[PDB]
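Spelled out from the first residue to the last, the chains are:
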Amino acid sequence: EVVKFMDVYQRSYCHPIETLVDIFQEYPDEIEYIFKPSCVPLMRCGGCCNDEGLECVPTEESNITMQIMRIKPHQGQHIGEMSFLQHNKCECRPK
Amino acid sequence: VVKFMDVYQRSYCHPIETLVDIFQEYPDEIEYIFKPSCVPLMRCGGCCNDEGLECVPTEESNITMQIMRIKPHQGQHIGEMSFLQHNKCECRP
């Protein structure tokens, strides 16, 4: 049941991974609202470069659109379209 | 367009594949460099839709992986290292 070295080595290297991201951190100026769900699943660059001079970053991105409920306390709740950026490709490059 | 009941279902508290730094999980091991420096592990992630609660593990289990440890100017060796995985999660107070 032991994960072999080259398999961990290849699986953890910098690449797009489904990451749950808070909606409010992605749309900072919407402070009068609560969102449901409060976070969404998005492909984002992750992992290690295995070299302290490099860092994992997006090289290609694209939008995804989802129906999110927007709540304004004491004055209305509406399900609408919200768009987030996803990372289609990543690379390790200098810092 | 992702439909509302589909995002609402998939973003809720649950175990997700997460890339974790090894020295963060082994703080006492300051004399080594690890390769790879991070590992893929199932860990609780997502939102609770309740400001009162938090997504936490209710069931854990170990996973063993071959990791290289490097001790600068002395040696290097690929050996087994164990990490904790999350099998089940819940939103709690």
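Per the deposited record, determination of this structure is attributed to X-ray crystallography, with the resolution reported as 1.93 Å.

Residues and elements named next belong to chain A. Summed over the entire model, instances satisfying the criterion amount to five aromatic pairs over all chains. Ring geometry for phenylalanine 5 against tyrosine 9: centres 5.6 Å apart, planes inclined by 20°, an arrangement best described as stacked. Of this pair, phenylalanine 5 and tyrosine 9 are both found in helix 1 (residues 5–12), four residues apart, which corresponds to roughly one turn of the helix. Overall, the relative accessible area of 9% leaves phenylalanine 5 in the buried class. Its guanidinium or amino end placed over the ring of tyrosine 33, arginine 70 lies 5.0 Å from that ring's centre, counting from NZ or CZ.

Take the UniProt feature "disulfide bond" in chain A next. Residues and elements named next belong to chain A. In textbook terms, a disulfide joins two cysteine sulfur atoms at less than 2.5 Å, and UniProt's bridge between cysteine 45 and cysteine 90 fits this description with an S to S distance of 2.0 Å. Placement of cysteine 45 in strand 3 (residues 39–46) and of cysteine 90 in strand 5 (residues 77–94) is noted, with a sequence separation of 45 residues between them. We classify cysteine 90 as buried; its relative accessible area is 19%. Below 2.5 Å lies the sulfur separation expected of a disulfide, and the 2.0 Å found between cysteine 49 and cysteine 92, a pair UniProt records as linked, sits within that range. Remark: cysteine 92 occurs in strand 5 and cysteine 49 occurs in the loop between strand 3 and strand 4 (54–71); sequence separation between them is 43 residues. Here the two residues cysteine 49 and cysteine 92 agree in accessibility, since each one is buried.

Conventions we followed
Residues numbered from 1 in each chain as written, not as in the entry; some residues may be left out. Chains lettered and ligands numbered in written order. Heavy atoms only, no water. Residues with missing side-chain atoms left out of burial classes, pairs and counts. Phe/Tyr/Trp six-rings, centres within 6.5 Å; stacked < 30°, edge-to-face > 60°. Helix = DSSP H or I, 4+ residues; strand = E, 2+ residues; numbered from the N terminus. Buried < 20%, exposed > 50% of the residue type's maximum accessible area, 1.4 Å probe, protein only. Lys NZ or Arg CZ within 6 Å of the ring centre and 35° of its normal. Disulfide = S-S within 2.5 Å. UniProt positions renumbered as here; feature names shortened; annotations may be inferred.

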